[PDB]
Amino acid sequence: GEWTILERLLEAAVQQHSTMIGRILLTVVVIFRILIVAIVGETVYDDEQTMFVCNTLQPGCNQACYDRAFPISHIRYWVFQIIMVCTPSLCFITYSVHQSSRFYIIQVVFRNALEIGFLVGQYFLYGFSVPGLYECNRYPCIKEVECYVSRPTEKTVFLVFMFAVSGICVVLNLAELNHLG
Amino acid sequence: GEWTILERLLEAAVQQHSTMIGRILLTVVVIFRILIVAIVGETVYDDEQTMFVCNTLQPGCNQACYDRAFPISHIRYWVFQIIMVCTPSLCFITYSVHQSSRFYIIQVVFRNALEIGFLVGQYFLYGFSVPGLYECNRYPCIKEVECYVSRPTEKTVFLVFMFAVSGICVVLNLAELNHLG
Amino acid sequence: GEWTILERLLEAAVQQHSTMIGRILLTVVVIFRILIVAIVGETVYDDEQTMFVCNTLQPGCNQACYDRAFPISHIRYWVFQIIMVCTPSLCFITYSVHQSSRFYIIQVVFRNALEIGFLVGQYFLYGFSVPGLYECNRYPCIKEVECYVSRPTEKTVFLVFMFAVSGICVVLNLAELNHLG
Amino acid sequence: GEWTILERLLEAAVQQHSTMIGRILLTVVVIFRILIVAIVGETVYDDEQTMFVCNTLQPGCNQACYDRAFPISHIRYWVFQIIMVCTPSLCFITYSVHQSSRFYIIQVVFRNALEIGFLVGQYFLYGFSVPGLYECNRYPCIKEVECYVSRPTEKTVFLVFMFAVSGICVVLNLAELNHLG
Amino acid sequence: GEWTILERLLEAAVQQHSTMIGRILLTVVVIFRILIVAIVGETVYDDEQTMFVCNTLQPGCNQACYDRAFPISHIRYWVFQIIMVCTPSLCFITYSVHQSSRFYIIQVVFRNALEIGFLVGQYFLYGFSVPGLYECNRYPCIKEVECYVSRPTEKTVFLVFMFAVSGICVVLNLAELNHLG
Amino acid sequence: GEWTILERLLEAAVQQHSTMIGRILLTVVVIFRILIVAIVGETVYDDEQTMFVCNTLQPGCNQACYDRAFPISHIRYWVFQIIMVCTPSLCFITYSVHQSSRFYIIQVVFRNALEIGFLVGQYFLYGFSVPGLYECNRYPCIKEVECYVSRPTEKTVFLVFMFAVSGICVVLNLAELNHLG
Amino acid sequence: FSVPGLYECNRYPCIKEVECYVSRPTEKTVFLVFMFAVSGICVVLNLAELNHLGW
């Protein structure tokens, strides 16, 4: 994608007064999330469906079992999460032209709600690992079939790393929320 | 595509006096539509025809049934909609050099007409979900055949999200239209 | 391609004195032609020969029948037309450094000649629709064979849209030509 | 490729005093050569070897007959020609930083020699058309075999257009050479 | 990936007062690591799984044995290492807006810890060479099978070069750490 | 790759005082090496392993014989050579900030050593031509097999051109070394 | 009285109705008709004898 547009908007938006915890949080989001997804994460999930195979002769069972095993790709969930998390920080651009600290409070509250929601959704959607085998019982497949996954270790490492970074961003959001009191 | 040209034109065009609702609408357009289509939406629809299969031995039946099931791709409809919606806001560039509020009224009415037209067209073209099976009775296929779709859940999520964002932009356009009175 | 060079040249070239109709024409060419071809039109014609199939066992008949059915791709004809149409507006860069209204008249007449020529050539080359079947009687194919086309509806929509935009640009050129008298 | 580097160098290099014919020549080279090769010409020659087929069962005969039929691709010859033609105009940067009309004479002489050499080489390498059949008698192929070419009409059009543009640039070089006397 | 964002951040971050050894280290990291990974290293590891083959008829054994032989790709480990190593130098951006030599000491100690950790991890993960054969005894493969690797010499050269550059950066970090005393 | 970073660094680094021969050498390196590798050389070596075939039924013999015939690709050797040759000219950025002719002598000697080393290494690694046949006697292939190469003439032309340009750069380096005395 | 060249089948595991193609339909039709004729001849003769002896 064209990440430079988002980067220019973030550059125009970081001109808002912030505390120490808010700048530590912005450093973590810029380094550990955007630079890794935009460089490393795209190529891991490139041949996920080309390399996904099932032990069957049934036409259309590969598509059914891949859609049942991976309803949404990890990389697109992370890109959507990155875009949504920076929205409260991107509403400063709109609020500045109107004004030319209640907004700051609303931004902190909404950013905490978004971080916790995305972290819990990531826990329920995927879990903590990506296994190398899948058991599929959907149509048009006959009864139960077995399917095999591409790069299941390099995606488990990615899941664990992303979960750790999201937990760091949630703890920093709760620290700043406690600060405001 | 080269989204940077469109972004430069939008940057040159947002120098027009606007109300609160118009800037909330422009924030929603920039964030929830352009950044998602230009980063996330392209890769979902990349292997739509390579991964589309039918249960037959007839040459040319895959092409016929794919063109009957997906006459126009979702991503290209959304890109065209994004380009067309910003046209009233891009006519300010042309209207500025002549002058160096009737135009504002014309922009608002035309933008509402475009938003409602594209939303209704999206409802009639696609619907609310993308099923995982298709029934095809076109030539050169023999009587009725069954075909299978690639990533039918990650495109249903995309459809629902785009419909929600388009409904938000329509409600904001109607709010501003009521404001002008 | 690298559309940014063409866009920079167009930015440097629009510093010429123009009338109302000439700026309406430049708005139509910038919006409805360059932004659509450079973003939307490339991906439609990407797998045109990979997905083109014929009902035969003869080696080399796919290449022969694809070259007979699509002598020149639509997207390359449109890119060439876009480049050629902007040539009279790009000769201002060369004409400016010499001088540091006859040129304006020459630009208008040549731009009308180019627009009408390309529109008539588009009508004779392609027509108004792209059918989903083709009948081929060229070597090395045996007598008559039947071949099937990829995405024949999404290319008919593109043809009709491009024909409409070209007709709008021709009517505006004739309006300005009548204006000069 | 990264054409923007070459474009920046050409922008820095066109600050040299030039005559009318030299600027007409630079306009023709910028428009009819660089913009067409960098946008249109790359995609025509993309699947030249993937789509090239021969009527045989011999392993390695496709590679041998493709290398015998197309020793050097058209697009790479044109890119090399474009790079070499602009060299006398790119030595102005070095001459200017050294000096911080004999050079102009040397530039004109060398540019005429390069244009005529490349035009004659293009005539001897390729000719005027690209046929759709090839007859191959190289190893490991058995005696004579027949091979089929991909997109042989869209490459004949490209050859004729490039030959016409090169002839225009040669006539302008000879006009300016006669001007200097 | 979009290395230009990282390069802009590095440009903004090198405005910190540094010693001679720190600038020699930054020269080595900029030249021998970032420019080589961002240009050369991506294409070597592009067809690693497409070209990886095993001598079996068992579905899913290629995926299992490729994930067992290459748990994490070399290029992604190097990109992650490059990103992590520059973090202490990127925390200067955050520390500058707060301050507008203890930080310098913390940066040096953390950079030495990161360099030594990544070098030891590279030694334990991969070793010193990439063999051309692999012996695999994982499910679903029957007992022991043999698998063949793509480009095993051009990846051994890459491993040795990267190990040498990492050792140079570690020796320079230890030199500066001894300097501070 | 991202050649723009290297070009920006080269632009920042050419602000060093240089003689006539050093600027002729920099003109040759910028034109005949960087612009050709970054535009033309990548696409020639794109399908080298996809199009490389051997006359056998043994799994894994294609990988073994391709790695034995082409241990390192030509294009990556040339990119590495281009990066390494410009290192003495890129150490000026580090050496300038300390003062904010011994260095010039060190640069000249080191650049001569690098040029001669890379030229001799290119002679020993590859030679003067790329044949169209290869004889392979490595494991797992049975005794001796024959393999066929993709585009063996367009890579011989590239080898000869690169050898000529490298010889020109070596002669200019020896000219300047004799100049200094 | 005939063996057609095409057959339309809708039995599991087939998806809805499918078209199948028979080998040597004309020869099998010829054989069918000929055998019917021969069997008719034999039936006629046996009925003849039945009515000749039977009362």
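Using the numbering of Swiss-Prot, the residues shown for chain D are 2-101, 196-276, in order.
Recorded method for this deposit: electron microscopy, 3.4 Å.
The backbone N, Cα and C atoms fix where each Cβ goes, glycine too.
Here is what Swiss-Prot says about this protein:
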{"type": "TRANSMEM", "residues": "D:20-42", "note": "transmembrane segment"}
{"type": "TOPO_DOM", "residues": "D:43-75", "note": "topological domain 'Extracellular'"}
{"type": "TRANSMEM", "residues": "D:76-98", "note": "transmembrane segment"}
{"type": "TRANSMEM", "residues": "D:198-220", "note": "transmembrane segment"}
{"type": "TOPO_DOM", "residues": "D:221-252", "note": "topological domain 'Extracellular'"}
{"type": "TRANSMEM", "residues": "D:253-275", "note": "transmembrane segment"}
Closest-packing stretch to the transmembrane segment (D:20-42), where packing means Cβ pairs under 8 Å, from D:76-98, D:198-220, D:253-275: D:253-275
Secondary structure content of the topological domain 'Extracellular' (D:43-75), with strand meaning DSSP E or B: 13 helix, 2 strand, 18 coil
Residues of the parent chain within Cβ reach of the topological domain 'Extracellular' (D:221-252), under 8 Å, 6 or more residues beyond its termini: 45-46, 48-49, 51-57, 59-63, 65-67, 69-70, 75, 258
Intrachain residues whose Cβ lies under 8 Å of the topological domain 'Extracellular' (D:43-75), provided they are six or more past its termini: 220-221, 229, 231, 233-237, 240-246, 249-250, 253-254, 257
DSSP-assigned states of the topological domain 'Extracellular' (D:221-252) in counts, ordered helix, strand, coil: 4 helix, 8 strand, 20 coil
